[PDB]
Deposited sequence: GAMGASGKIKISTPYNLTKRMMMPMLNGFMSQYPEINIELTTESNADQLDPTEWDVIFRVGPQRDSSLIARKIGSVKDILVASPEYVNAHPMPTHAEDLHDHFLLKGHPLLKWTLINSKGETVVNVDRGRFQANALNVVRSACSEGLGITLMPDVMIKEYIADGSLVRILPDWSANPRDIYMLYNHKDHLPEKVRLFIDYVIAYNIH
């Protein structure tokens, strides 16, 4: 009962695992083989049973969620510097940047974009270690709001430049056009979660 799936590389633990744990717990006789993937455009759709990606033609696509990247910093960073009042002042701050959000393409409530390609104080190919550096007070970062809700809630991380964000991207489940019963049970479970 093996299902082979691909999931967004940074979002998998916080966003997909409760759903996947729920499914496995309900269907003990089904194996899941998971691959976290940084860029699903390079996948061969025929190779997988279901693909979860962020961002949007022989495949069935169904939106299952959304995520909005936001700028944040710890309270001790905020207290040690004047925080930026407009998006240009980011050039004067320590930046912390994680793949795939390395080239920041920020956007405000009126559609204009400010592009920031400053070299971060800290750059990594994974966002979890960038969050750790941000929590330690080493600067401002651009981070999916869902990965950091626990810290936003009590102000361990605080939102800076609240009128700005990355353009929210939707999250999709994709699969191909019979179809084994293991795959459709899983698709249906995802749609109902």
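- Residues of the deposited sequence with no modelled C-alpha atom fall in the ranges 1-6, 63-65, 187-188, 205-207.
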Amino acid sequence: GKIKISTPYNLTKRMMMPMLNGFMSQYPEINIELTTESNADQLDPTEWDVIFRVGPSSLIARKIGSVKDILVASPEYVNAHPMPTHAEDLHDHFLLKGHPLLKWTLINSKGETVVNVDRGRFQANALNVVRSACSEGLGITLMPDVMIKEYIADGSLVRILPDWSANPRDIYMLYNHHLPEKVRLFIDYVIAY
From here on, numbers count along this sequence of modelled residues.
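- Averaged over Cα atoms, the B-factor as recorded in the entry is higher for 84-92 than for the other of 116-124 and 84-92.
- Just going by the entry, 161-169 versus 126-134 on mean CA temperature factor gives the higher value to 161-169.
- Annotation for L43, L34, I30, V50: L43 ranks highest, by Cα B-factor.
- The PDB entry assigns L59 a C-alpha temperature factor belonging to the highest third of its chain's modelled residues.
- When the CA B factors of the chain's modelled residues are split into thirds, the value for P180 lands in the highest one.
- Ranked by C-alpha B-factor against the other modelled residues of its chain, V67 falls in the highest third.
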